[PDB]
$ cat model.cif   # mmCIF, C-alpha atoms and all ligand atoms
data_coords
loop_
_atom_site.label_atom_id
_atom_site.label_comp_id
_atom_site.auth_asym_id
_atom_site.auth_seq_id
_atom_site.Cartn_x
_atom_site.Cartn_y
_atom_site.Cartn_z
CA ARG A 126 26.52 -146.97 45.15
CA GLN A 127 24.58 -150.10 46.23
CA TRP A 128 20.94 -149.24 45.40
CA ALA A 129 17.87 -151.46 45.73
CA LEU A 130 14.20 -151.07 44.84
CA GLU A 131 13.29 -150.62 48.52
CA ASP A 132 15.15 -147.29 48.27
CA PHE A 133 12.59 -145.66 45.95
CA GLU A 134 8.91 -144.71 45.96
CA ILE A 135 7.40 -145.23 42.53
CA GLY A 136 4.95 -142.78 40.93
CA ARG A 137 3.10 -142.52 37.67
CA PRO A 138 4.34 -144.00 34.41
CA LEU A 139 6.26 -141.63 32.17
CA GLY A 140 6.51 -143.87 29.10
CA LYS A 141 6.59 -147.48 27.96
CA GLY A 142 8.91 -149.34 25.58
CA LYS A 143 9.22 -152.93 24.41
CA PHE A 144 11.56 -153.64 27.38
CA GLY A 145 9.66 -152.39 30.44
CA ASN A 146 8.78 -148.85 31.48
CA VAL A 147 9.90 -145.53 32.93
CA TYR A 148 8.37 -144.31 36.17
CA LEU A 149 8.55 -141.11 38.14
CA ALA A 150 10.21 -141.99 41.43
CA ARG A 151 11.51 -140.49 44.65
CA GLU A 152 14.63 -141.48 46.56
CA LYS A 153 13.45 -142.23 50.10
CA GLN A 154 16.54 -140.91 51.86
CA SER A 155 17.18 -137.60 50.11
CA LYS A 156 13.75 -136.93 48.53
CA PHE A 157 15.47 -136.76 45.11
CA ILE A 158 13.01 -136.83 42.17
CA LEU A 159 14.20 -138.96 39.26
CA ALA A 160 13.07 -141.47 36.65
CA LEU A 161 13.43 -145.24 36.94
CA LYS A 162 13.57 -147.25 33.74
CA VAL A 163 12.64 -150.86 34.48
CA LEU A 164 13.83 -153.49 32.00
CA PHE A 165 12.89 -157.17 32.17
CA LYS A 166 15.75 -159.70 32.18
CA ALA A 167 13.47 -162.35 30.66
CA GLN A 168 12.94 -160.07 27.68
CA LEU A 169 16.46 -158.67 27.51
CA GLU A 170 17.73 -162.25 27.23
CA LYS A 171 15.31 -163.25 24.43
CA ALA A 172 16.51 -160.30 22.35
CA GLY A 173 20.19 -160.90 23.15
CA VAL A 174 21.05 -157.42 24.44
CA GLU A 175 22.45 -157.95 27.94
CA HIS A 176 25.85 -157.15 26.48
CA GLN A 177 24.85 -154.08 24.47
CA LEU A 178 22.84 -152.78 27.43
CA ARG A 179 25.91 -153.10 29.68
CA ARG A 180 28.06 -151.31 27.09
CA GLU A 181 25.54 -148.47 26.84
CA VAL A 182 25.12 -148.16 30.62
CA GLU A 183 28.92 -148.10 30.84
CA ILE A 184 29.16 -145.30 28.29
CA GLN A 185 26.36 -143.15 29.74
CA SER A 186 27.65 -143.13 33.36
CA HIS A 187 30.70 -141.10 32.25
CA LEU A 188 28.78 -138.40 30.37
CA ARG A 189 28.09 -135.02 32.00
CA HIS A 190 26.67 -132.23 29.84
CA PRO A 191 23.54 -130.11 30.49
CA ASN A 192 22.03 -131.34 27.17
CA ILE A 193 22.63 -135.03 27.89
CA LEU A 194 20.40 -137.00 30.25
CA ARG A 195 22.36 -138.11 33.33
CA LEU A 196 22.47 -141.77 34.30
CA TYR A 197 22.84 -141.80 38.07
CA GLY A 198 23.29 -145.54 38.65
CA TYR A 199 21.71 -148.96 38.16
CA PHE A 200 20.88 -152.28 39.86
CA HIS A 201 19.03 -155.53 39.25
CA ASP A 202 17.05 -158.27 40.96
CA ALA A 203 15.64 -161.69 40.10
CA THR A 204 13.63 -160.70 37.01
CA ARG A 205 14.50 -157.05 36.17
CA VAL A 206 17.18 -154.38 35.62
CA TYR A 207 16.78 -150.74 36.76
CA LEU A 208 18.33 -147.57 35.33
CA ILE A 209 18.26 -144.43 37.53
CA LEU A 210 17.86 -141.44 35.25
CA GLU A 211 17.63 -137.69 35.49
CA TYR A 212 13.95 -136.74 35.45
CA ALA A 213 13.14 -134.26 32.68
CA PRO A 214 9.94 -132.46 33.78
CA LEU A 215 8.76 -131.03 30.43
CA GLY A 216 8.51 -134.43 28.67
CA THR A 217 9.47 -135.45 25.12
CA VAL A 218 10.22 -133.29 22.10
CA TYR A 219 7.99 -135.87 20.36
CA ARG A 220 4.92 -134.85 22.37
CA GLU A 221 5.66 -131.19 21.90
CA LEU A 222 5.85 -131.67 18.13
CA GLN A 223 2.46 -133.42 18.11
CA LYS A 224 0.99 -130.56 20.15
CA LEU A 225 2.31 -127.74 17.89
CA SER A 226 2.72 -129.57 14.53
CA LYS A 227 5.77 -127.42 13.59
CA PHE A 228 8.41 -125.42 15.43
CA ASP A 229 9.42 -121.94 14.37
CA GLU A 230 12.96 -120.95 13.52
CA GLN A 231 13.97 -119.73 16.97
CA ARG A 232 12.94 -122.95 18.69
CA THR A 233 14.41 -125.13 15.94
CA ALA A 234 17.74 -123.26 15.89
CA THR A 235 17.89 -123.30 19.68
CA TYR A 236 17.27 -127.06 19.78
CA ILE A 237 19.77 -127.66 16.99
CA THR A 238 22.31 -125.54 18.85
CA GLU A 239 21.83 -127.54 22.07
CA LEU A 240 22.02 -130.81 20.09
CA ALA A 241 25.26 -129.87 18.37
CA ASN A 242 26.81 -128.85 21.67
CA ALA A 243 25.81 -132.20 23.15
CA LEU A 244 27.19 -134.03 20.14
CA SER A 245 30.46 -132.05 20.01
CA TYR A 246 31.03 -133.00 23.64
CA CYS A 247 30.13 -136.55 22.59
CA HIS A 248 32.69 -136.67 19.76
CA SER A 249 35.39 -135.25 22.04
CA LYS A 250 34.89 -138.46 24.06
CA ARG A 251 34.73 -140.18 20.63
CA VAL A 252 31.14 -141.28 21.24
CA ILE A 253 28.50 -141.59 18.51
CA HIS A 254 24.79 -141.83 19.22
CA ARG A 255 23.69 -143.33 15.89
CA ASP A 256 19.96 -142.69 16.65
CA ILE A 257 18.53 -139.27 17.67
CA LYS A 258 14.76 -139.32 17.35
CA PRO A 259 12.31 -136.79 18.78
CA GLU A 260 11.15 -139.83 20.81
CA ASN A 261 14.56 -139.78 22.56
CA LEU A 262 14.85 -136.03 23.22
CA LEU A 263 13.44 -134.71 26.51
CA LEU A 264 12.91 -131.21 27.84
CA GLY A 265 14.53 -130.10 31.08
CA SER A 266 12.71 -127.73 33.36
CA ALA A 267 13.91 -124.64 31.52
CA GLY A 268 12.82 -126.32 28.28
CA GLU A 269 16.46 -127.18 27.52
CA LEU A 270 16.84 -130.18 25.21
CA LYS A 271 18.39 -133.34 26.68
CA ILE A 272 19.56 -136.36 24.68
CA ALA A 273 18.32 -139.57 26.32
CA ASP A 274 18.50 -143.32 25.61
CA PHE A 275 21.64 -145.01 24.17
CA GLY A 276 25.12 -143.89 23.19
CA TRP A 277 25.68 -147.02 21.19
CA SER A 278 29.26 -147.15 19.93
CA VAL A 279 32.83 -145.88 20.01
CA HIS A 280 34.35 -147.85 17.01
CA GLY A 291 12.69 -149.87 14.14
CA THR A 292 11.82 -147.08 11.64
CA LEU A 293 14.55 -146.06 9.14
CA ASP A 294 13.66 -142.34 9.09
CA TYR A 295 16.73 -141.17 11.00
CA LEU A 296 19.57 -143.39 9.75
CA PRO A 297 22.09 -142.04 7.23
CA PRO A 298 22.77 -143.85 3.93
CA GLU A 299 26.08 -145.43 4.91
CA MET A 300 24.41 -147.23 7.80
CA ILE A 301 21.41 -148.62 5.90
CA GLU A 302 23.62 -149.72 2.97
CA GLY A 303 25.92 -151.66 5.36
CA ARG A 304 29.16 -149.64 4.97
CA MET A 305 31.32 -148.13 7.74
CA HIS A 306 30.46 -144.88 9.47
CA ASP A 307 32.37 -141.98 11.04
CA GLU A 308 31.25 -139.59 13.71
CA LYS A 309 29.61 -138.07 10.63
CA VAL A 310 26.42 -140.11 11.04
CA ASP A 311 25.47 -137.56 13.70
CA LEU A 312 25.43 -134.75 11.18
CA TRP A 313 22.89 -136.49 8.95
CA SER A 314 20.70 -136.88 12.05
CA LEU A 315 20.97 -133.18 12.83
CA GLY A 316 19.74 -132.49 9.33
CA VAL A 317 16.84 -134.90 9.61
CA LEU A 318 15.79 -133.23 12.89
CA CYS A 319 16.23 -129.67 11.66
CA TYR A 320 13.89 -130.63 8.79
CA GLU A 321 11.41 -132.45 11.03
CA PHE A 322 11.37 -129.54 13.47
CA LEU A 323 10.48 -127.01 10.78
CA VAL A 324 8.30 -129.22 8.53
CA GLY A 325 6.57 -131.42 11.10
CA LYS A 326 7.66 -134.70 9.44
CA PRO A 327 11.11 -136.14 8.59
CA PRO A 328 12.34 -135.65 5.02
CA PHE A 329 12.37 -139.33 3.98
CA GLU A 330 9.10 -140.38 5.60
CA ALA A 331 7.16 -142.98 3.65
CA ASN A 332 4.43 -145.55 4.09
CA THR A 333 6.86 -148.48 3.90
CA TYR A 334 10.37 -149.36 5.03
CA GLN A 335 11.56 -150.43 1.61
CA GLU A 336 10.80 -147.06 0.10
CA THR A 337 12.15 -144.88 2.91
CA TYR A 338 15.26 -146.97 2.14
CA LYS A 339 15.30 -145.78 -1.49
CA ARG A 340 14.52 -142.20 -0.51
CA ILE A 341 17.32 -142.15 2.05
CA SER A 342 19.69 -143.92 -0.38
CA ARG A 343 19.33 -141.28 -3.08
CA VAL A 344 18.86 -138.33 -0.66
CA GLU A 345 15.42 -137.55 -2.13
CA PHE A 346 13.73 -134.76 -0.14
CA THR A 347 11.81 -131.56 -1.02
CA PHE A 348 11.17 -128.43 1.10
CA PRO A 349 7.64 -126.98 1.59
CA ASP A 350 7.27 -123.33 0.66
CA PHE A 351 7.54 -121.92 4.18
CA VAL A 352 11.06 -123.27 4.73
CA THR A 353 13.28 -120.22 4.53
CA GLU A 354 16.50 -119.89 2.59
CA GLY A 355 18.82 -120.17 5.60
CA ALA A 356 17.14 -123.34 6.81
CA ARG A 357 17.31 -124.89 3.31
CA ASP A 358 21.06 -124.26 3.30
CA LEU A 359 21.90 -125.79 6.70
CA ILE A 360 19.68 -128.82 6.03
CA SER A 361 21.04 -129.35 2.52
CA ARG A 362 24.65 -129.10 3.69
CA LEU A 363 23.91 -131.65 6.42
CA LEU A 364 22.01 -134.14 4.24
CA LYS A 365 24.91 -135.14 1.91
CA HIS A 366 25.30 -138.78 0.80
CA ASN A 367 29.10 -138.78 1.16
CA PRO A 368 29.89 -138.37 4.91
CA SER A 369 33.10 -136.67 3.79
CA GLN A 370 31.00 -133.69 2.70
CA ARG A 371 28.98 -133.02 5.88
CA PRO A 372 30.31 -130.02 7.87
CA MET A 373 31.90 -130.15 11.28
CA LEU A 374 29.70 -129.28 14.22
CA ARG A 375 31.78 -126.06 14.56
CA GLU A 376 30.39 -124.87 11.21
CA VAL A 377 26.85 -125.89 12.23
CA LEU A 378 27.01 -123.82 15.39
CA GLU A 379 28.35 -120.83 13.41
CA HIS A 380 25.93 -121.24 10.52
CA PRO A 381 24.39 -117.79 9.88
CA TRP A 382 20.84 -119.16 10.05
CA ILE A 383 21.68 -120.63 13.45
CA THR A 384 23.43 -117.61 14.98
CA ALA A 385 20.68 -115.30 13.70
CA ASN A 386 17.80 -117.41 15.09
CA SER A 387 19.32 -119.41 17.93
CA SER A 388 18.36 -118.03 21.33
CA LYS A 389 21.36 -116.26 22.77
CA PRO A 390 23.76 -117.82 25.39
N1 LIG B 401 14.14 -139.65 32.32
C1 LIG B 401 12.99 -139.15 31.84
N2 LIG B 401 12.35 -138.06 32.28
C2 LIG B 401 11.20 -138.06 31.54
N3 LIG B 401 10.21 -137.14 31.83
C3 LIG B 401 8.90 -137.01 31.28
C4 LIG B 401 8.05 -136.02 31.77
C5 LIG B 401 6.74 -135.93 31.32
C6 LIG B 401 6.27 -136.84 30.38
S1 LIG B 401 4.55 -136.87 29.99
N4 LIG B 401 4.18 -135.51 29.22
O1 LIG B 401 3.82 -136.87 31.22
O2 LIG B 401 4.34 -137.95 29.09
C7 LIG B 401 7.13 -137.79 29.84
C8 LIG B 401 8.44 -137.87 30.28
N5 LIG B 401 11.09 -139.04 30.65
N6 LIG B 401 12.25 -139.75 30.86
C9 LIG B 401 12.49 -140.92 30.13
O3 LIG B 401 13.54 -141.52 30.25
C10 LIG B 401 11.61 -141.19 28.93
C11 LIG B 401 12.08 -141.10 27.62
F1 LIG B 401 13.36 -140.72 27.45
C12 LIG B 401 11.31 -141.36 26.52
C13 LIG B 401 9.99 -141.74 26.70
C14 LIG B 401 9.47 -141.84 27.98
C15 LIG B 401 10.29 -141.58 29.05
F2 LIG B 401 9.79 -141.72 30.29
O1 LIG B 402 22.84 -162.14 34.73
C1 LIG B 402 22.24 -161.22 35.44
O2 LIG B 402 22.16 -161.26 36.66
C2 LIG B 402 21.72 -160.08 34.61
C3 LIG B 402 22.20 -158.82 34.89
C4 LIG B 402 22.00 -157.77 33.99
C5 LIG B 402 22.57 -156.43 34.25
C6 LIG B 402 23.13 -156.14 35.50
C7 LIG B 402 23.66 -154.90 35.72
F1 LIG B 402 24.21 -154.63 36.94
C8 LIG B 402 23.68 -153.91 34.78
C9 LIG B 402 23.13 -154.20 33.55
CL1 LIG B 402 23.22 -153.00 32.30
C10 LIG B 402 22.57 -155.44 33.27
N1 LIG B 402 21.33 -157.93 32.86
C11 LIG B 402 20.81 -159.17 32.57
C12 LIG B 402 20.09 -159.33 31.36
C13 LIG B 402 19.52 -160.53 31.05
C14 LIG B 402 19.64 -161.61 31.91
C15 LIG B 402 20.34 -161.51 33.07
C16 LIG B 402 20.96 -160.28 33.43
MG MG B 403 25.23 -163.45 33.41
#
$ encode --input "model.cif" --output "structure tokens"
Amino acid sequence: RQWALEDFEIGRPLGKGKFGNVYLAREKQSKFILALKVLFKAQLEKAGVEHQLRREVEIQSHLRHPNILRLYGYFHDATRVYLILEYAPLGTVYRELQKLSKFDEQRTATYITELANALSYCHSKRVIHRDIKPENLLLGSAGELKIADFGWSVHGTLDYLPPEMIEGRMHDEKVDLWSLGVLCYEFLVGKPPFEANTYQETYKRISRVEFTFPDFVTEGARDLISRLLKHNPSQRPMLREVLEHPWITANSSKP
């Protein structure tokens, strides 16, 4: 408890968003390596998010799972707000997708497994993430996936939102299964299935569930993805079925 900036040595930048940056940092007392997201109050005000940020910080501080990024604590000063985060040494799934273009089936299935675990734990707490992008997935030091950033509700680009959300209607914990499908596709294909040059058209493509597989996408992967990317949230499987999908169990690296 009770942390101030004078308690940390700052290091190189690890990333930069529209509300301040993440830095590598060390805790002076214990020599703990961590990340330090710095957000600017002046800018958090002008967007009107001080409340949503508090609600998300509140939600994250109670979450412990090896595939969810810890929030250790937080504090603030005259102009800024600081989140103390688990440092993930192997960087973003985004950068690793740019490096390799596509992932194979073992890596995809393994990531999808770790994601579903993290989401199942999330739903047990009745928590929905509502936005899982490769930008927001980090790699721990054994390359294990870690969901970062947000945890929006209990109740930017459109590529990852399900149709109920973009149409306005109400949305179960089932929005997370659409996202799993979008990622499973993006991991194997190298781009998300509703990508498009403009927002308004990604909208149409999402709305009507208009995607096509390249030739290399195997049968088992076509099945999982297709059973996740259903317009009626009613029809998406439970994460139990995902984790026991034959394509997953055959390709997912063993526990
Ligand atoms: N908490 C956390 N750890 C990391 N680690 C990390 C390690 C290496 C690199 S790299 N290859 O040098 O660009 C990048 C990140 N990021 N991180 C963040 O919250 C974080 C994030 F979620 C998204 C984007 C940037 C971040 F900074
Ligand atoms: O009124 C303040 O002092 C102020 C505080 C905070 C804040 C403090 C926390 F301990 C945790 C979190 Cl998540 C946010 N956020 C702000 C955003 C805009 C403007 C002012 C603030
Ligand atoms: Mg206030």
$ closest_residue --input "model.cif" --among "A:147, A:360, A:344, A:383" --to "residue 274 in chain A" --atoms "all atoms listed in the file"
A:147
$ residues_near_ligand --input "model.cif" --ligand "ligand MG 403 (chain B)" --cutoff "10 Å" --atoms "only C-alpha atoms and all ligand atoms" --output "MDAnalysis selection string"
chainID A and resid 170 175:176
$ residues_near_ligand --input "model.cif" --ligand "ligand LIG 401 (chain B)" --cutoff "9 Å" --atoms "only C-alpha atoms and all ligand atoms" --output "PyMOL selection string"
chain A and resi 137-142+146-149+159-162+194-196+209-217+219-221+260-265+271-274
$ residues_near_ligand --input "model.cif" --ligand "ligand LIG 402 (chain B)" --cutoff "9 Å" --atoms "all atoms listed in the file" --output "short mmCIF file (atom, residue, chain, number, x, y, z; two decimals) with C-alpha atoms, in the frame of the given file"
data_model
loop_
_atom_site.label_atom_id
_atom_site.label_comp_id
_atom_site.auth_asym_id
_atom_site.auth_seq_id
_atom_site.Cartn_x
_atom_site.Cartn_y
_atom_site.Cartn_z
CA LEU A 164 13.83 -153.49 32.00
CA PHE A 165 12.89 -157.17 32.17
CA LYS A 166 15.75 -159.70 32.18
CA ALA A 167 13.47 -162.35 30.66
CA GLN A 168 12.94 -160.07 27.68
CA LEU A 169 16.46 -158.67 27.51
CA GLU A 170 17.73 -162.25 27.23
CA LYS A 171 15.31 -163.25 24.43
CA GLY A 173 20.19 -160.90 23.15
CA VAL A 174 21.05 -157.42 24.44
CA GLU A 175 22.45 -157.95 27.94
CA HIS A 176 25.85 -157.15 26.48
CA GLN A 177 24.85 -154.08 24.47
CA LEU A 178 22.84 -152.78 27.43
CA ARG A 179 25.91 -153.10 29.68
CA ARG A 180 28.06 -151.31 27.09
CA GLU A 181 25.54 -148.47 26.84
CA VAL A 182 25.12 -148.16 30.62
CA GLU A 183 28.92 -148.10 30.84
CA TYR A 199 21.71 -148.96 38.16
CA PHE A 200 20.88 -152.28 39.86
CA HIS A 201 19.03 -155.53 39.25
CA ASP A 202 17.05 -158.27 40.96
CA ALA A 203 15.64 -161.69 40.10
CA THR A 204 13.63 -160.70 37.01
CA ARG A 205 14.50 -157.05 36.17
CA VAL A 206 17.18 -154.38 35.62
CA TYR A 207 16.78 -150.74 36.76
CA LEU A 208 18.33 -147.57 35.33
#
$ closest_residue --input "model.cif" --among "A:267, A:374, A:247, A:305" --to "residue 189 in chain A" --atoms "all atoms listed in the file"
A:247
$ closest_residue --input "model.cif" --among "A:368, A:136, A:191, A:390" --to "residue 270 in chain A" --atoms "all atoms listed in the file"
A:191
$ axis_aligned_box --input "model.cif" --around "range 280-297 of chain A" --padding-each-side "6 Å" --output "lines of an AutoDock Vina configuration file"
center_x = 23.1
center_y = -145.5
center_z = 12.1
size_x = 34.5
size_y = 20.7
size_z = 21.8
$ closest_residue --input "model.cif" --among "A:131, A:354, A:229, A:152" --to "residue 197 in chain A" --atoms "all atoms listed in the file"
A:152
$ atom_distance --input "model.cif" --atom1 "CA of residue 339 in chain A" --atom2 "CA of residue 244 in chain A"
27.3 Å
$ closest_residue --input "model.cif" --among "A:323, A:239, A:311, A:351" --to "residue 227 in chain A" --atoms "all atoms listed in the file"
A:323
$ closest_residue --input "model.cif" --among "A:234, A:172, A:130, A:241" --to "residue 376 in chain A" --atoms "all atoms listed in the file"
A:241
$ residues_around --input "model.cif" --residues "residue 133 in chain A" --least-positions-apart "5" --cutoff "8 Å" --atoms "all atoms listed in the file" --output "PyMOL selection string"
chain A and resi 150-153
$ write_last_selection --input "model.cif" --atoms "C-alpha atoms" --output "CSV table (one decimal), keeping the file's coordinate frame"
chain,number,residue,atom,x,y,z
A,150,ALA,CA,10.2,-142.0,41.4
A,151,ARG,CA,11.5,-140.5,44.6
A,152,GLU,CA,14.6,-141.5,46.6
A,153,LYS,CA,13.4,-142.2,50.1
$ atom_distance --input "model.cif" --atom1 "CA of residue 218 in chain A" --atom2 "CA of residue 322 in chain A"
9.5 Å
$ atom_distance --input "model.cif" --atom1 "CA of residue 188 in chain A" --atom2 "CA of residue 298 in chain A"
27.7 Å
